[PDB]
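Undergrad: Below: the sequence, then the experimentally determined structure.
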Amino acid sequence: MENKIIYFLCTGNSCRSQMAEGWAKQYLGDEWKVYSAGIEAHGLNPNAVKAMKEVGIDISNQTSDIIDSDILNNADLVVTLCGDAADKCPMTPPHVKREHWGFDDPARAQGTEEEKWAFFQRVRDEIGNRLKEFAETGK
């Protein structure tokens, strides 16, 4: 096996990590077995689904799950997206390369549901940008 594997992790596998897997599937051209997880999973957020549909991507296909050994110890890279109001930062194996791309969870962008939705499209777009640079530039 020489296809890469990559993992995106959050406080819960419902927003940032779900969306990041969505973008990563596009830019990484599936040359990297893309996955996402978190400290918990209860399904993906309806606004995350809308946010990805607003760019012509789907994440409905990748219904959430908690961290699993078959990816945590096997991913060529793991990324934690913790930079939000809870900031739990899911634990990783020390043997594996890690990145930290902290930004606030759009479900926690408190103000009103319209402001939360506006933060879903903002966090989506910023994730997309950094995934582009990760694929294109290696940043």
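TA: Now that the structure is in, tell me what you want to look at. Numbers count the residues shown, from 1 in each chain.
Undergrad: So which other helices or strands are in contact with whichever strand or helix holds residue 19?
TA: According to DSSP states H and E, residue 19 maps onto helix 16-27. Applying 3 or more C-beta pairs under 8 Å, 6 or more residues apart in numbering; DSSP states H and E, we find helix 16-27 packed against strand 4-10, strand 32-38, helix 46-53, strand 77-82, helix 113-136. Just so you know, the C-beta spots here come from the backbone N, C-alpha and C atoms, and that holds for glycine as well.
Undergrad: same thing but at 10 Å, please
TA: In terms of contacts (3 or more C-beta pairs under 10 Å, 6 or more residues apart in numbering; DSSP states H and E), helix 16-27 is packed against strand 4-10, strand 32-38, helix 46-53, strand 77-82, strand 98-103, helix 113-136.
Undergrad: Now do the buried residues in the last one.
TA: Buried residues in helix 113-136, counted by 16 or more other C-beta atoms under 10 Å: 116-117, 119-121, 123-124, 127-128, 130-131, 134-135.
Undergrad: by how many degrees do it and strand 4-10 diverge?
TA: 150 degrees (axes from the mean of the first three to the mean of the last three C-alpha atoms, to 10 degrees).
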